[PDB]
Amino acid sequence: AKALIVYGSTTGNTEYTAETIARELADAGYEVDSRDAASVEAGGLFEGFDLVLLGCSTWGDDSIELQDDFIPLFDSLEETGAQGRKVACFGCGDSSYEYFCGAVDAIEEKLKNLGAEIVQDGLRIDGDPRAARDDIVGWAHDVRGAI
Ligand SMILES: Cc1cc2nc3c(=O)[nH]c(=O)nc-3n(C[C@H](O)[C@H](O)[C@H](O)COP(=O)(O)O)c2cc1C
């Protein structure tokens, strides 16, 4: 099985989350390609992957803003080959904001409308993902069981 993980992370929490997922997947035998959104090209990006996981923190406080490095990929998701693709999303946020993990919501809805197959509800991490490390592992399990 081939997995792509693409993360947008400003302070490293969604990156940590991505690394934790990647290790879970690889330990189970998946091929895993992990890329920072800051360096990816959207065109054809999901091509040849059995599973794509997109990670993005939420910013903006009074509005939903996606993690800065992830915006160009978001704005180009129609060119990624999401139709029929198995995908799931994750990201860090903080529930004291009005729009908790709103980036995850946004990405999920964009993927769905593109015809992607969302194989699991998004992983919405409240606070430090190091304090949610067992939720991360479990979600990576759930994703493997859902494909
Ligand atoms: C000024 C500021 C604004 C934020 N806005 C939100 C928000 O609107 N929604 C949310 O759920 N978290 C928000 N957060 C929390 C960040 O998502 C959180 O710090 C997260 O761990 C950053 O993950 P990253 O290091 O992967 O970028 C904000 C954080 C800061 C400091």
Side-chain angles (χ1 to χ4, degrees), residues 1-59 64-95 99-147:
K2 312 193 173 135
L4 175 71
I5 306 169
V6 181
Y7 58 91
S9 184
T10 289
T11 68
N13 289 333
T14 304
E15 180 181 24
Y16 169 88
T17 303
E19 296 172 347
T20 302
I21 299 163
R23 172 72 183 296
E24 276 265 279
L25 294 191
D27 276 2
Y30 280 48
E31 305 169 34
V32 185
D33 195 323
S34 293
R35 309 192 191 163
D36 191 323
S39 64
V40 301
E41 264 106 349
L45 183 61
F46 302 163
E47 297 188 13
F49 289 109
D50 300 298
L51 173 76
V52 175
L53 309 178
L54 302 182
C56 188
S57 46
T58 302
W59 296 86
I64 295 171
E65 296 188 59
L66 270 54
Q67 192 285 154
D68 182 64
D69 308 303
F70 201 99
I71 289 168
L73 174 60
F74 180 81
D75 286 344
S76 291
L77 269 178
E78 311 181 17
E79 299 163 40
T80 57
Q83 154 81 281
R85 199 75 51 187
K86 292 167 187 215
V87 309
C89 304
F90 67 95
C92 295
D94 180 336
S95 56
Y99 311 123
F100 172 54
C101 281
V104 176
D105 297 348
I107 297 159
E108 282 197 346
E109 187 73 11
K110 186 76 180 180
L111 285 168
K112 279 186 168 158
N113 293 348
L114 290 167
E117 181 184 344
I118 311 304
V119 297
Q120 190 80 9
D121 296 354
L123 175 62
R124 298 176 168 72
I125 297 182
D126 193 5
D128 192 328
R130 300 157 188 83
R133 189 178 175 280
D134 300 324
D135 288 349
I136 302 164
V137 159
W139 183 86
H141 273 294
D142 296 344
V143 301
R144 291 197 283 104
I147 61 112

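Numbering of residues begins at 1 and proceeds along the displayed sequence.
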### Query
When you look at CG of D142, are more than 12 heavy atoms from neighbouring residues, nucleotides or ligands closer to it than 6.0 Å?
yes
#### Entry: Spacing of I5 atom CD1 and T20 atom OG1 [to the nearest 0.5 Å]
9.5 Å
#### Entry: Candidate pair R144 and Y30, rule side-chain contact (heavy atoms from CB on, under 4.5 Å), full reasoning
CA-CA 9 Å; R144 291 197 283 104; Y30 280 48; 3.7 Å; yes
### Task
Identify the residue among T11, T10, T14 that makes a side-chain hydrogen bond (donor to acceptor under 3.5 Å, both in side chains) with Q67.
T10
### Query
So which heavy atom on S34 is nearest to which on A22, and how close?
OG-CB, 3.7 Å
### Query
What pair of heavy atoms forms the shortest contact from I64 to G102, and how long is it?
CD1-CA, 3.7 Å
Using atom types as modelled, flag every donor-acceptor pair under 3.5 Å from a side chain in residues 80-88 to any protein atom, sequence neighbours excluded.
residue, atom, partner, partner atom, Å
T80, OG1, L77, O, 2.7
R85, NE, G81, O, 3.0
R85, NH1, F46, O, 3.2
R85, NH1, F49, O, 2.9
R85, NH2, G81, O, 3.0

#### Entry: Heavy-atom closest contact (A103 atom, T58 atom, distance)
N-OG1, 2.9 Å
### Query
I107 versus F74: any side-chain heavy-atom pair under 4.5 Å?
yes
### Query
So, for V104 and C89, which heavy atoms are closest and what is the spacing to 0.1 Å?
CG1-CB, 4.0 Å
### Task
Sorted by first residue and then second, give each salt bridge (charged side-chain N to carboxylate O under 4.0 Å, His left out) pair with at least one member in residues 32-58; sequence neighbours left out.
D33-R35
### Residue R23 excluded, over 12 heavy atoms near CZ under 6.0 Å
no
### Task
Could I get the full list of salt bridge (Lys or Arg N to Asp or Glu O under 4.0 Å) partners for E15, not counting sequence neighbours?
none
### Query
Do you know which two heavy atoms are closest between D69 and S9, and how far apart they sit?
OD2-O, 4.1 Å
### Query
Counting distance only, does the side-chain N/O of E108 pair as donor-acceptor with the main-chain N or O of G122 below 3.5 Å?
yes
### Task
Report the distance from atom OG of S57 to atom CG of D68, rounding to the nearest 0.5 Å.
9.5 Å
### Query
Roughly how far apart are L25 CG and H141 NE2, rounded to 0.5 Å?
10.5 Å
Would you be so kind as to tabulate the donor-acceptor pairs closer than 3.5 Å made by side chains of residues 111-118, with sequence neighbours excluded?
none

### Message
Could you tell me if the side chain of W139 sits less than 4.5 Å from the side chain of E24, heavy atoms only?
### Response
no
### Summary
Those residues at least two apart in sequence (or on a different chain) that pass side-chain contact (heavy atoms from CB on, under 4.5 Å) with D75 are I71
### Message
With a 4.5 Å cut-off on side-chain heavy atoms, are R133 and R130 touching?
### Response
no
### Task
Kindly say whether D126 contributes a backbone atom to a donor-acceptor pair with the side chain of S95 at under 3.5 angstrom?
no
#### Entry: Side chain proximity check, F70 to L54, heavy atoms < 4.5 angstrom
yes
#### Entry: All side-chain contact (heavy atoms from CB on, under 4.5 Å) counterparts of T17, not counting sequence neighbours
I21, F90, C92, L123, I125, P129, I136
